Amino acid sequence: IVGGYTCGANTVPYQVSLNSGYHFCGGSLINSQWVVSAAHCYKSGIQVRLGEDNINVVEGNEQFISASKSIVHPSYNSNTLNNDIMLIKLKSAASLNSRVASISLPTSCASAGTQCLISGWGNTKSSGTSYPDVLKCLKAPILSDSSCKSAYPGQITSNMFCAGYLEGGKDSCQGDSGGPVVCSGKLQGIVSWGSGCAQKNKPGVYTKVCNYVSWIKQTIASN
Ligand SMILES: [Ca+2]
């Protein structure tokens, strides 16, 4: 997250870190046994880390649970990042309390202009590299589909939306991928891609979760 703020320990209780010896992506807990992330975060043999604030220090609310199964969306295209969504099942159920909690799936798609909370452990610099240890947060609006497509001609599908600031300065970034965009208390987006970070007229691009609720629910119901 570039231009954000320190969230506070366990203030984003559905935020998880995907760990394969090191943090490499975010994700969102959507029930006690399932995490939703980006398909471009796929890799074998990872551990899901819940209850994290400082990802390099054991602070006493962590739950570490290995993944039993990954399911990349059946139509994921890594060249275009169309359908950049994946489900991760945990080997055991997380224990849910105020500091570890699931985030509700949307019942409708959030409109441009809705303010949302974006969070992750990704890069905090737009020209340079500095990775934070504690979770960072950004409050940012969904941008119109027209400004999204004008910023990224030929690249925005109906499974994507833009959020952030066309003037730059505030954005998600590398290492935030797979993490949440939460609006009015529901999971509306997944940190997916963008050109650089916090650049002018290159806002963040997010997987449009509301398109995938039927697939998520049916998948969870059979796996
Ligand atoms: Ca920790």
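Don't worry about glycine lacking a Cβ; one is built from the backbone with ideal geometry, like all the others, and counts go over all protein chains shown. None of the figures in this text is laboratory data; all of them are computed from the coordinates on show.
Points to keep in mind about this one:
- Distances between placed amide hydrogens fall under 5 Å for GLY168 paired with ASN201, all partners being 5 or more residues away or on another chain.
- Compared with the direct C-alpha span, the chain from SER108 to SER184 gains 26.3 nm at full extension, assuming 0.36 nm per residue.
- Between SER32 and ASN201, the distance separating the two model label sites (each 7 Å from Cα on the Cα→Cβ line) works out to 5.2 nm.
- Estimated FRET transfer efficiency when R0 is 22 angstrom, pair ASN223-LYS43 (beta carbons, to 0.05): 0.75
- Phi-based couplings in Hz for region 122-133 (Karplus 6.51, -1.76, 1.60; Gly and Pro marked x): x, 3, 9, 10, 8, 10, x, 9, 8, 9, x, 9
- Label zone (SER130, point 7 Å along Cα-to-C-beta; backbone nitrogen cut-off 12 Å) within region 37-64: none.
- Taking every C-alpha pair closer than 8 Å and separated by at least 6 residues, the mean separation divided by the residue count of region 1-137 gives a relative contact order of 32 percent.
- Residue exposure sequence - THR107, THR157 - by fewest surrounding Cβ within 10 Å: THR107, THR157
- Derived scalar couplings ³J(HN,Hα) [region 81-89; Karplus, 6.51 cos²θ - 1.76 cosθ + 1.60; whole Hz; x for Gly, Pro]: 6, 5, 6, 7, 8, 8, 10, 10, 9
- Extension gain for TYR22-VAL58 works out to 11.6 nm (0.36 nm per residue, less the C-alpha to C-alpha distance).
- For the chain, Kirkwood radius (reciprocal of mean inverse C-alpha pair distance, Å): 16.9 Å
- Adding -39500 (n - 2.57) for every DSSP H run of four residues or longer, then dividing by how many residues the chain holds, sets the calculated 222 nm ellipticity at -2000 deg cm²/dmol.
- Sorted peptide list for 173-183, 116-126, criterion being average Cβ within 10 angstrom, highest first: 173-183, 116-126
- Within straight-line reach of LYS208, meaning a Cα separation under 18 Å, sit the following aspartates and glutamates at least 8 residues removed in sequence or on another chain: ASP84, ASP145, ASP171, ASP176.
- When each of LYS91/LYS139; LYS139/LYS200; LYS89/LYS186; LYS149/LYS200 is checked by Cα-Cα distance, pairs over 23 Å: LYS91/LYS139
- Likely footprinting exposure, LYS149, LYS136, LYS69, fewest C-beta neighbours within 10 Å first: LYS69, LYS149, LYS136
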